[PDB]
Structure formats: C-alpha cells, structure tokens
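Chemist: Dropping a structure here in structure tokens format, bear with me for questions.
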Amino acid sequence: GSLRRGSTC
Amino acid sequence: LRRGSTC
Amino acid sequence: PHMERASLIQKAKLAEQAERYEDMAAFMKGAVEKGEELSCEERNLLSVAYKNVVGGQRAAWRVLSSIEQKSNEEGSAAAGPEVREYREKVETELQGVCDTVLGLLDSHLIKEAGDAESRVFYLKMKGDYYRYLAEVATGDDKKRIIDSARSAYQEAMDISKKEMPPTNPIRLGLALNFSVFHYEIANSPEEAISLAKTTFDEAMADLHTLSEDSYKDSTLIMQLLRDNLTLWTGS
Amino acid sequence: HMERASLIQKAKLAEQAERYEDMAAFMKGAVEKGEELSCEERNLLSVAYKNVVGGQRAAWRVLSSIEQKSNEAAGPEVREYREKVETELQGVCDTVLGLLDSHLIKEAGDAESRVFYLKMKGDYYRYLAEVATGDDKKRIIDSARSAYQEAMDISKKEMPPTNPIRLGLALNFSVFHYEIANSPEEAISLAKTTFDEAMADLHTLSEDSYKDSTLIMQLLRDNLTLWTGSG
C-alpha cells in the first residue's frame, strides 16, 4: 500500500 | 450561491 | 541570478507548479517589463498569477468587512478598532496589487498596435482590476473607478463583437464579467440579466458548428452564465 | 494596534481570513511581549507557522522532485528557484526556533505546555533536516533528536499513554526515525508501542479526550500499515 506518511494534524 | 465570474 | 526573459517565463511555470503565485506574479511582471509581446500561453501565466494573489486578498477582505459590518449593527458590543485597522491593512495591500496590474497593462500590454484576441484579453483584464478596486471603494473616488471599469469592458465588447464569433471563449468570458459588473457594481440587474441572456442565447445558436476542443471552453463559460441567470432571475 | 490583546485579536482575525503569514507575525509579536501563552494562544502560534512552512515544504518538494528527476533537459532556473524557496523555508524555521529558545521553552511550568514547545523544537529541526545537505545535516538531526527525546522523558513521566500531546509527540518522533534518522526498525517499534499502550487505556476516557486520541492513533496505525506493509 503506497500513500504518504503522516505527522501531526 | 455566490455569482460566478472568470474561472 | 538568471534574470533574462526565457528564465523568468521558466521560473513563472515552476512557481505555478509549486503553487507560489506571488512569486509567479513577480516573475511575470519582470517578463512583461522586458518590453516584448506576451504569447497566448504567457498571457494566461500572467492572469493566473495575479488572479490567485488578488483572489486570496478579496476573500480575506470579505471575511473582515463582514465581521466589521456585524460590529456596527444596532445593539451590538460595537467596540474594537482592530477589525477596522486590519481590514484597512488587507485593503491597502489589495489596492497595491490592482495598481501594479493596471500599471503593467497601461505601460506595456494594452497597445493600439495589437491583435483582436490579445487586445480583448488585456482590456477585459483592465475592467476586472478596476472592478476589484470598486469592490472596496467607498469614497468620492468610487464613481471614477466604476467609470474606468465600464470604459475598459465597453472598449473590449466593441472589439469582440466586431472581430470574434459569439461562441469565442474570450468574448463569452468578457460578457460574463461585464454582466457581473452590471449586477454587483453598477447596480443594474436588468442590464446584467439581459447581457447574460443575450450572450448565452447567441452562443447556443452557433454551438452546432464548434470543433471538439473549442466546445469544452465555450460550454464551461456558458454554464457560468446559466448559473448566474438562475441566481439573478430565480429559476 | 500594538498592545498584546490587540495582537492576539488580530491573529484570530487573520486565521478566519486564512492569512497565515500575518497570523504568524501577530503571534511572533505577542510572544515577544515576554508573557506566557495560554493553551489557546499556543495553538494559534502552532497553526500560524504550520500553515506557512506547510506551503514552503510542499513547494520545495515539487521543485526538488523536478531537479532530481531531470537526469540525462535540465535547468539552472530549477536549482536557483529551489534555493530561493529553501532559504525562505529556513528563515521561518530559524524564527520559530529563536522564539522557542528565547521566550517559550522555560525551566518548568505545566508538563503539557513543556512537551508542546519541545515537540515544536523537534519538528522545526526536522523541517530543517528535510532540506539539509552539508556537514550541517548531522548537527541538525542531533538537535531534533535531543528536543524530541527531552519531550519524550517529560511525557512518559507526567502524562498517561492516552494523552493527545504525548501521542502526537511519539507519532512525530517515529516519523523522524523513519524519514530522517533512516531507522525504520525504531520507527515501527515506537509507533507499535505507542498505539498498543494507548489501546490498553482507551476505556478510562471522556468523549472530548477520546476524539483527539483516536485521531492520532489512526495516523499511527496508517504509518504502520505503510511501513510494515501488512494491510
């Protein structure tokens, strides 16, 4: 599964 | 609901 | 330090992809200031840049002015010079951008010398940016501004009616904006409804002949005319 | 026009009007008055600078992708303009980090307020590390690790595992391990531990609290799914 990682928000 | 102009 | 014309156009395309429209505007301003004519692609880069810049300023001004109008209502708290001060800050900034665009148009872009499509494009642009000034104008200067927008749009209308077919997207867009000017600025809802109805009907009577590519740009603006007409006439 | 209360008022107005550079400038000026920020005021500062750097990072990624993809027509303008955006991004991080060191990070106050400012210090060094290339890269990466580790120590000592500030800190530090520190094992581990520990406490939660906690927990779960490749 390819998407972008997630930081705060 | 707001009047459309260009774009 | 690559500040030749081709490099400025290149950086404006890069600024667009990066959604940095204030940068894109300044690269396009510098490109215009070289003194050469803009191509159809280059005219669009200039319009997209400044439309995004003023778009944000207008949206902000509307929010602040709406809050300011609530604070001046009968029986409210009605205190706080902050809203007015900050609405004035945004407004001054907005005015600076319009004055920059209008200056480029008068000093470099609008020429008697030019092609029909390009002259209409620039004169429509001159009407739009005077319309944006008129949205925030309240003083004695409001009439001068409203007149300046009418002259630009009327001069553009005359060229489009003489040199362009009723299905032309530049002509359709101009007529849409001028009808918005009539409704919102000139307080002429009858002229607005009429112009929009006429523009849509004349273009509809010619849709049959339109090529595959032209049909998409034209029908897009025609839907904008139809949406405004639905809103203005209530149907 | 200048009084602290007027600056806080104008930053709230700038937020409503989606004018984030102005919001940042008003909040910077409010911080520079020398007083403590409330929980509300802390968030206005965060939102303000997060939006400003958010746009700069997004732009830098687009430009850098065009610059690195062009291999074997390239462009001197791509590099020059990527450098312009990068210098501007760096200026914002340096301004935030300056405010944190000169006015916000203090000897002690409430744990929550202390974690928030060290998480911030961590994040803005992480943003510098995303664009860092020289011999600077190591010291920047180290500075983000110290800031994050110091906030971890406070959160683990003073906060329960379900606390949203603690959860958010651990999520960002795990992103630091993965992306920056090139430690996918530490990242997966921290995210797994953080999620599992908070899952074991989630019952003793209020509706308001629960919503903030489960939001971060899904960000953790999603990172994990992507990092481990489990589905």
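In the structure tokens, chains take letters A, B, ... by order of appearance, with residues numbered from 1 within each chain and ligands from 1 in the order shown.
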List as a tab-separated table every residue of chain C that is in contact with chain D, defined as an atom at most 10 Å from one of its atoms (using only C-alpha atoms), together with the nearest atom pair and the distance in Å rounded to one decimal, sorted by chain and then rising number.

Modeler:
residue	atom	partner	partner_atom	distance
C:1	CA	D:80	CA	7.4
C:2	CA	D:77	CA	6.8
C:3	CA	D:77	CA	9.4
C:6	CA	D:77	CA	10.0
C:7	CA	D:77	CA	6.4
C:8	CA	D:77	CA	8.5
C:10	CA	D:77	CA	7.2
C:11	CA	D:77	CA	6.4
C:12	CA	D:81	CA	10.0
C:14	CA	D:63	CA	7.2
C:15	CA	D:59	CA	8.2
C:16	CA	D:59	CA	9.6
C:17	CA	D:62	CA	7.2
C:18	CA	D:59	CA	4.4
C:19	CA	D:59	CA	6.8
C:20	CA	D:59	CA	7.3
C:23	CA	D:85	CA	9.7
C:56	CA	D:18	CA	8.2
C:57	CA	D:19	CA	8.6
C:58	CA	D:17	CA	9.8
C:59	CA	D:17	CA	7.2
C:60	CA	D:17	CA	4.5
C:61	CA	D:17	CA	7.6
C:62	CA	D:17	CA	8.3
C:63	CA	D:17	CA	5.7
C:64	CA	D:17	CA	6.8
C:67	CA	D:13	CA	9.0
C:80	CA	D:6	CA	8.7
C:81	CA	D:1	CA	7.9
C:82	CA	D:6	CA	6.5
C:83	CA	D:10	CA	7.5
C:85	CA	D:1	CA	7.5
C:86	CA	D:10	CA	7.1
C:87	CA	D:13	CA	9.5
C:90	CA	D:19	CA	9.5

Chemist: Can you check which residues of chain A have any atom within 6 Å of chain D? Use only C-alpha atoms and format it as a list in words.

Modeler: residues 1, 5 and 7 of chain A

Chemist: Distance cut-off 10 Å, counting only C-alpha atoms - which residues of chain C neighbour chain B? Return them as a count of residues only.

Modeler: 26

Chemist: Select from segment 64-128 of chain D everything DSSP, run on the backbone, classes as helix (DSSP H, G or I), then give the selection as a PyMOL selection string.

Modeler: chain D and resi 64-69+76-104+111-128

Chemist: Using only C-alpha atoms, which protein or nucleic acid residues come within 12 Å of residue 37 of chain C? Drop anything in the same chain fewer than 3 positions from it, and give the result as a ChimeraX atom specification.

Modeler: /C:5,31-34,40-43,105,108-111,113-115,118-119,122

Chemist: Report, in Å to a single decimal, how far apart atom CA of residue 146 of chain C and atom CA of residue 130 of chain C are.

Modeler: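 Separating atom CA of residue 130 of chain C from atom CA of residue 146 of chain C is a distance of 7.1 Å.
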
Chemist: Please provide the set of residues having any atom within 9 Å of residue 148 of chain C, restricted to only C-alpha atoms, with same-chain residues fewer than 6 positions apart removed, written as a PyMOL selection string.

Modeler: chain C and resi 126-127+130-131

Chemist: When you look at residue 78 of chain C with a cut-off of 12 Å (counting only C-alpha atoms), what residues show up, excluding the ones that are within fewer than 5 positions of it in the same chain? I need them as a ChimeraX atom specification.

Modeler: /C:67-73,83-84

Chemist: Name all residues at most 7 Å from segment 198-211 of chain C (count only C-alpha atoms; drop same-chain ones fewer than 3 positions away) and give them as an NGL selection string.

Modeler: :C and (166-167 or 172 or 175 or 194-195 or 214-215 or 222 or 225)
